[PDB]
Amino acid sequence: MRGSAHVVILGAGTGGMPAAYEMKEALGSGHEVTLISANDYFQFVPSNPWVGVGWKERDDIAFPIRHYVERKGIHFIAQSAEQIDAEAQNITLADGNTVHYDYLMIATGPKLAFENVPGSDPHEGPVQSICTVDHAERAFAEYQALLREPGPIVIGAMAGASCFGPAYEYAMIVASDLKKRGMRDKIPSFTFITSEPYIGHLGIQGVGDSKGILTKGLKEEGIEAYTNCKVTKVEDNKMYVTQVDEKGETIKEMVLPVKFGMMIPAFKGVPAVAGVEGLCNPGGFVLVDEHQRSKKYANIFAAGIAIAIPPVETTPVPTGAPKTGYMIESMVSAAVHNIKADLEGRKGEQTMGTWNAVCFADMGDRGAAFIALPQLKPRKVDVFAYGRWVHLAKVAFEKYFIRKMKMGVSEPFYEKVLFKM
C-alpha cells in the first residue's frame, strides 16, 4: 500500500530471521513487515553435523519462530512460497493463498540438488545429509543402524558442492564417536570422497595450511581420501564414482559399497524463486547488484545463499565457493538499508562489502576455523586455526546467535567482533 509499503521477507533462516527484525526496526510502525518461511521453527544450521552424529538434539538447536517475531510486530506465515509473480507482485503459498508485496526480500537459501546424482536423495538410499536438522536426525538414525550392523562408511562432497567444511567436520566426529564407542575397528573401510581438486581446497583454493592439516586429520582417523571425484549415481547401496585429472580426463572409476554415507549435495535455488522469469541464473540463484537489488525487478532484493556470486576459478570437477554467515549478514544489512532508502526517495548506496569466508568446525574438545578475504589470492587475510579455543568460540557463538534470534536484532549485526572495547 502507498505510503504504508508492505515488505515481505521470504525465508526464515540465517539471513531471513535477522532481516525480519532489522527491517521492522528500520521501517517502524508505519510499514507492514511479513516473514514467510517453509518451517515454523528457526534452526541453527552450523550445529547440524553434531545432530547427525547424535551430539546434539533438535531441541538444542531449534525453536518456534512465531511468538518471538510477533512480539516485535512482524507477521509470520509458516507456509512455503510455491510461486512468485513478479509482475503483479503476488506470492502464492502452498495452501493456495496469495500475498501481495511492495518490496520482496528473498532469503530462501539453497535447494539441495539431490537430483544431480540419481539415488543420492536421503530417502532413496544409504547416502544421507546433515544440511537440515530433519536430514541430520535421519543421518543419525542411519548412523545407529551402522552401529548395530557395521559396514563401509563414505563421507564427502558432491560435484558442484560449495560447503566443504561440514563434510570434514562430520567425517572427524563420526570417527571420533566410533572410537568413544569402541566400535571403530568394526568398520571395514572409511572413505572420504570429494569434488575438491585437493584436500582442504574448500572451494576457495585453500586457506592457510588447510591442505596439510585436513590431510593429517584424515590420516589420524584412518580415512582414505580421494579428490577430483564426481559421484555419477547411487544404486544397490553402491556409490559409483568417477575421478578425473587436472584436465578433466578420467583416471579411474570406482564402485564403493555404502552401509552409511553422507555427501554434501550441490546447491541450487529453490523452485519458487528459480521459477521467476529473468530473475535468476541457470542455477536458480538471484542475480543482484552490489546493493542486493535484483537486476530485473527493482522492488526485489536478495541475500544469503539465494544470490548468485560469479566464480573466480574453475576446478576439474565443478565446485562452488561457500557463502558464509558474516557475509550473509552484510548482505542483509545492506538490503534493509537500501529498501529503507527507497521508501524515502534515495538511492541506497550500502553494499555487502568485501567478499569473505569464515567457518568454524567443532570436533569436540577442539575445533578448526578459517578466515579468508577477499576471494582471490593473494588475500588480505588467509588464516586457518586449530585449537581448544576455536571450540570455545563456536560454543559461545551459537549460544549468542540463538539468543539474538529470540530477543531480536536491530542491529548493525556483529558487535560480537567488538570484544576489544
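From 1 onward, residues are counted along the sequence shown.
Judged by mean Cα B factor in the deposited record, 122 to 130 ranks above the other of 299 to 307 and 122 to 130. Higher average CA B factor: 211 to 219, of the stretches 211 to 219 and 269 to 277.
The entry lists C-alpha B-factors for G156, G200, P322, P257, and the highest of these is at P257.
When the C-alpha B factors of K111, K230, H135, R346 are read from the deposited coordinates, the top value falls at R346. The entry lists a Cα temperature factor for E329 that places it in the lowest third of the chain's modelled residues. When the CA B factors of the chain's modelled residues are split into thirds, the value for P378 lands in the middle one. Among the modelled residues of its chain, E115 has a C-alpha B-factor that falls in the middle third, as given in the PDB entry.
Ranked against the other modelled residues of its chain, the C-alpha B-factor of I339 as given in the entry falls in the middle third. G248 sits in the highest third of its chain by CA B factor, as recorded in the PDB entry.
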